[PDB]
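[1] this one is an experimental structure. Sequence first:
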Amino acid sequence: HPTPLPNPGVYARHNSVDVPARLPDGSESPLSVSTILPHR
Amino acid sequence: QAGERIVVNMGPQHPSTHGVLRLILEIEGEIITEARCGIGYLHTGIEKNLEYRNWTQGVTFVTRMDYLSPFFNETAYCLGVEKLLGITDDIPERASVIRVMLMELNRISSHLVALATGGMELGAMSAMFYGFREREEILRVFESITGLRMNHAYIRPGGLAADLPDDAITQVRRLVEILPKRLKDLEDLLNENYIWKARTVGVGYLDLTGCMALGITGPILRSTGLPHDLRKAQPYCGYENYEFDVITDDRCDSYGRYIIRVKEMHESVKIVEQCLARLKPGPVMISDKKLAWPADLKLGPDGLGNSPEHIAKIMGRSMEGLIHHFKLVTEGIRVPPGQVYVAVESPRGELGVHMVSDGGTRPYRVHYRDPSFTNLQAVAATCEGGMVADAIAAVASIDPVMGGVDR
Amino acid sequence: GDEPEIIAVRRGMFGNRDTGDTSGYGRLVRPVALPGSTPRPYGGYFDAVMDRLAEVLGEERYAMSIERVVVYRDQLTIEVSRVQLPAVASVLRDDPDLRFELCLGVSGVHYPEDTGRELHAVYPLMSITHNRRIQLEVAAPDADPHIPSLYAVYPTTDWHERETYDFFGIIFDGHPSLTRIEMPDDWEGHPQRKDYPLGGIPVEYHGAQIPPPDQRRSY
Amino acid sequence: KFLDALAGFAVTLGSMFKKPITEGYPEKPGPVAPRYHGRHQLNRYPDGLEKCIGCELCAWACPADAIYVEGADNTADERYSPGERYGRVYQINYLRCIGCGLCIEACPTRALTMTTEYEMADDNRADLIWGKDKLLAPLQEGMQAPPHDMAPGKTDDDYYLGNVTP
Amino acid sequence: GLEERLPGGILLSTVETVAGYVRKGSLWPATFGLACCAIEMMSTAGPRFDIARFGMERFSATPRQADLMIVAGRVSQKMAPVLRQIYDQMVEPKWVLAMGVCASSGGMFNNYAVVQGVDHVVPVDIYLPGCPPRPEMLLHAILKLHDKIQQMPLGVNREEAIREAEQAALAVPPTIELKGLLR
Amino acid sequence: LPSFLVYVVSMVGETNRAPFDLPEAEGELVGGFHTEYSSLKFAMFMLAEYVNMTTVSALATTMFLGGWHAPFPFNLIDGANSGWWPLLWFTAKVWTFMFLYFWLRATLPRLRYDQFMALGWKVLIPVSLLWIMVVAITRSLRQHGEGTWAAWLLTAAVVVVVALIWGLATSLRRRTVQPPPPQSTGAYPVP
Amino acid sequence: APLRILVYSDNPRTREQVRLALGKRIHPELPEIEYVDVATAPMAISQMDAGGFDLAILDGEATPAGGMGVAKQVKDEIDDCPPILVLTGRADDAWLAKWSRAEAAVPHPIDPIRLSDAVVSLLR
Ligand SMILES: CC(C)=CCC/C(C)=C/CC/C(C)=C/CC/C(C)=C/CC/C(C)=C\CC/C(C)=C/CC/C(C)=C/CC/C(C)=C\CC/C(C)=C/CC1=C(C)C(=O)c2ccccc2C1=O
Ligand code: SF4
Ligand code: SF4
Ligand code: SF4
């Protein structure tokens, strides 16, 4: 299953774990951010 | 639900994570529930930076990728170049023997670093110092042979950057004599140590099916009992003529991987003995002057330089010699267009190199399938559900060198 | 077509990328062709592999799926057709006669001068039971860089497919989450593409500076 | 006997009676290998003429672009090397030099060598851009100032063949 | 701190001398290796050498305890924020040692991915060549940092030194203008 | 001796010293509890740890090594136990315990704190409790003239313990082995 | 009152270039501009700590301490910090300029009108 679930995204000014990663189209990947976190 | 699980960074700056690896752990108190992996904190652009340099120059880049296994990266690169050139069958025997000797001494060095860093991660502080005494024993040989301690550019397309210094063979014989004893001194600290075994036995378990699924290779795969080693299956650089045992284990866990590394050190010492046994004098560079690295380094009272004989040849006598030196040094060989994927058994697994040439003097593509990058897919498998202290042991057992991971 | 793929067309002698430093030498036209399809009797186990593949797939499915077969330096490349990649990979992994358990990764390679085939993903596969190995190659256009992800067949590819996207923009449709793995999520461009500038800076010297290697002359 | 698990103690105790192995740097620096890739050095012929001919081959080969060379003409009024060219400017950016040694293999006159001297560090980004005057090897005995005519009757070929003396 | 509010007489001078001595003799590094140079840093701590000799055995794992940062590696773009965070999370006084060509100026990897010198993100006390710098070179650079630390002003002397250094720095012509024999 | 061993282990634990330096565990928690502390506050934590080392080693000397009595080679020497020499002997014994501490640091990994607690509750506590019972019975018998009956008990009891502990070590647990099954991911053939 | 702009760079020519792009009175509909020039990170930090600056221009290529690092520091350390403009020595440095949180970033070589427009946007 998602080998090792995708990491939270890294942005300029935001690298915390709560930051969701960006899919190619520009949407936010739900899997990158843990289930327990309240989005961002 | 949420409220009982914390989310923490093992983070880049953490003693166990080699500074540039980010394990994002969702932990229920202190059990790892999920282990996300964050990579690229050591990305260096090597795969692209290569494209603006010639062959025999990209070597200096590739040895920097997996900096613990420099000779393996360089051998993979130069074997790819030779395969593209079709020169794999023309390389001198002595160059191949030196290549095996250096790759195996590098395997000893890389496993020593792996064991040292793991032991200090798991509190075994003296592991670092004993492993590094042993490693310094080998790094002195590396310094003598190549003039560098790491990131050597000694292995070059079609041969080596130069031949062994006269004292090198005796230094390596001394290594073959002492490495058993110093390695035994290290083993006394860990091998049967009750706290060490308790800290790694059963920890980081990964099934053979798991290894196949994630593409794991190296000690992690062989700890499942599978005797898969690219040195025996798909031989390269003349390993076919060396008698050595593929080290394997049945524990499928961190301690199995540790024992595999400790035994692979001995197998490397045995292969090094064989190398010294079958090391006959001869050229270290292909005799085809159209491709051979033209420089002949020799020491003098004024330091390491081109040998004065070579200077005389190319500046006083040999016009074709001068042209070849000039062009092979500046422009460098131009490789026929084509693709080739060549793999070696790096200490951490199947280090593959996809090499693409566009007929030019610079590589068109050099992609390293570094084993560490794929092995880090196993952080989830070997950490999730276990203790964070056990996750540290698992990650150490993977022995990820982040330079190769991020390249 | 059996004509080779030309990834570049060298103009003039000495590898000049532009007009050239000596007059009258620029009129040569040397296309840069990768090897074309090997005739048929592929060396070693390659035939044994491909024949088996051609058996497990139908004649129609095999012809529609495998665009080319190229043996070069005793290395077998199967230029597979896009869209059909998951089926071929499933056949390779599952078939006992092929049984390529170990996919070693995915590597992107960009050929801007190869019309309609700009981005090639290379899949090195190894069969441990049979001690064999081959390389699948899937070509996608730049305008439609979408390739089918092999995740269901080779989970190991997940990160590789990610890196390859990050570095080339090859959109592996069907991948769980194609997030950039190496570069920051907010990074613009795909560095390993040729169109992406090297992004170096001049090296400083007392009274001078050397521009990066991508700006200075080359051959 | 359960003693094997305690072997580590035997190790550490034993080592605290064998002498420490640390090199005594800097009071007693360790022996670096003769082949070590130390600081580049620009050398001279026995008569003192600079070996470098400013061909920029060393800088050509440098993967790091860590060498900057500008050539200039030798002339009777001012001659620095045998032959028509010499390296008037010769800088090495040691904050870009990776010590690879490709420069050395590139040099066709052995003007560039690598010493075993390695101590180098400065507080300025610019103090580590070492110029020609920092690199030229010390003017040994029997040598004369670099700006002078060739040894009498000798010619550049005589220099490259090693047929020169103070 | 009050130690810097002493009058500019002998009290402040002796306090500066003793504090510089102590800070140079107890210059704990942060456990912050990055790359090749991190391996050479571990080798420096290794028995063949002994960084502990210089009071630097404790590679501080927490940035709070660490007084020195051996960058010792190549700072990718994605690492510059993290490296800066670690730096800012050390407690003053703190010095930074750019170990290696990668850390000091980007080294061979003059590319998009590499920051081209941690100087971009953190003040650098000492630059150290090498790729990697051998452990003897690391010890040399650390001793040069010891010399820099001992001769360190405090209080009113610190302000005077900052003013003098600023005035001096405004005059140096830039490296690109130091055209010597370069035609 | 059993009480001495249990106390010394519980001691090395109490001071948070390796192989039980778990609260810090620099290899796992970076700096553990003293992360976020710098300057004299961290210095105070570490000074407290070292003073705890000194206190517990001094207690170990006091209640297992005759406290300040001179060792055997100086036991026969006149006045070895008088004046200031007892201070020297006490410091010597305390520093032998200090050496034991340093030696433990230099030759052992650190347990996982769950493993350490399992040690404490499955080895240390049972052993100490059974030793207390055995010693009580031994003293009662010696005070009741049974004599040999105590020696037969004492020697036997430890002999039994040394077995059952090894039972929890190798002869009954922590020395087993198992296998596992493959999944659907087309796994290779293990020779 | 006059606006004070802290221009930070150890390269004197970059400071002169910034002072040229911005005249004594940029956008004559705006107040006069006063220039305090600093060539060291400690001095730049101390001047910021003094405060009263309307804008600070930090050369991202400053040798001993880059203007991006100084930008992040000044935003983390001075309450009510004035807006920061950064000169970036590389186009790929934009990401770091984003991380530095500087209100704007002007690539080298300093384009006079671009820098003036950026400053006017920040000081308005
Ligand atoms: C005429 C005459 C005879 C006069 C005598 C007057 C005199 C000298 C007085 C003596 C009595 C005193 C000292 C009174 C003055 C008042 C006083 C006590 C002030 C205290 C002030 C204070 C709290 C701090 C200032 C410093 C100080 C002197 C404090 C007490 C002594 C000590 C040693 C305290 C803290 C230092 C300490 C114990 C730990 C530092 C932290 C660490 C990690 C230590 C070093 C260290 C450790 C411990 C590792 O574990 C380690 C492991 C592996 C590799 C490396 C290391 C490593 O580096
Ligand atoms: S050092 Fe050697 S290669 Fe470099 S310019 Fe001088 S002669 Fe040419
Ligand atoms: S050692 Fe290598 S990087 Fe340094 S100047 Fe010589 S060729 Fe260039
Ligand atoms: S400077 Fe050289 S040795 Fe140091 S990290 Fe960079 S590539 Fe590795």
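    Looks like it arrived, so ask away. Residues are numbered from 1 along each chain as shown, chains lettered A, B, ... in the order given. Ligands and ions are numbered 1, 2, ... in the order given.

[2] could you look up the SS state of residue D:150?
    coil (DSSP: H, G, I helix; E, B strand; the rest coil).

[3] show me what contacts the residue of chain G positioned farthest from its centre?
    Within chain G, the residue lying farthest from the chain centre (CA atoms, centre = their mean) is residue G:29, at 21.0 Å. Listed by CB atoms under 8 Å, 6 or more residues apart in numbering or on different chains, residue G:29 has no contact partners. (Each C-beta comes from the backbone N, C-alpha and C, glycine too.)

[4] look up how far residue D:137 lies from it.
    64 Å (CB to CB, to the nearest Å).

[5] return the set of buried residues in the longest helix belonging to chain F.
    Longest helix in chain F, counting residues (DSSP state H): helix F:39-64. By neighbour count on 16 or more other CB atoms under 10 Å in any protein chain shown, the buried set for helix F:39-64 is F:42, F:45, F:49, F:53, F:56-58, F:60-61, F:64.

[6] try stretch F:16-32
    Buried, per 16+ other CB under 10 Å, within stretch F:16-32: F:16-22, F:24-32.

[7] contacting residues around the closest residue to residue B:100 other than its chain neighbours?
    Leaving out its chain neighbours, the residue that sits closest to residue B:100 by CB to CB, 6 or more residues apart in numbering or on different chains is residue B:275, at 5.3 Å. Shown here is residue B:275, whose contacts under the criterion CB under 8 Å, 6+ apart are B:97-98, B:100-101, B:104, B:242.

[8] what's the closest of these to chain E?
    residue B:104 (19.0 Å; CB to the nearest CB).

[9] re earlier: dump the contacts of residue B:275 to a markdown table, plus secondary structure and neighbour count.
    Shown next, in a markdown table, are the contacts of residue B:275 (DSSP: H, G, I helix; E, B strand; the rest coil; neighbours: other CB atoms under 10 Å in any protein chain shown):
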| residue | secondary structure | neighbour count |
| --- | --- | --- |
| B:97 | helix | 23 |
| B:98 | helix | 24 |
| B:100 | helix | 26 |
| B:101 | helix | 27 |
| B:104 | helix | 27 |
| B:242 | coil | 21 |
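
[10] out of those residues, flag the one nearest to residue B:307.
    residue B:98 (18.9 Å; CB to CB).

[11] for the closest one, give its distance to ligand 2.
    Residue B:98 is 27 Å from ligand 2, where distance means CB to the nearest ligand atom, to the nearest Å.

[12] same question, residue D:50
    For residue D:50, the distance to ligand 2 (CB to the nearest ligand atom) stands at 8 Å.

[13] who's that residue bridged to?
    residue D:44 (DSSP bridges).

[14] that one against residue D:83, yeah?
    No - Residue D:50 is beyond contact range of residue D:83, at 10.7 Å (criterion: CB atoms under 8 Å).

[15] who has more neighbours out of these two?
    More crowded of residue D:50 and residue D:83, by other CB atoms under 10 Å in any protein chain shown: residue D:50, with 25 against 21.

[16] now do the contacts for the more buried one.
    Contact analysis of residue D:50 by CB under 8 Å, 6+ apart lists D:42, D:44, D:80-81, D:86-87, D:111, D:136, D:146.

[17] ok, so of those residues, who is nearest residue C:10?
    residue D:87 (33.8 Å).

[18] so who does that closest one touch?
    D:42, D:50, D:52-54, D:69-72, D:80-81, D:111, D:132.
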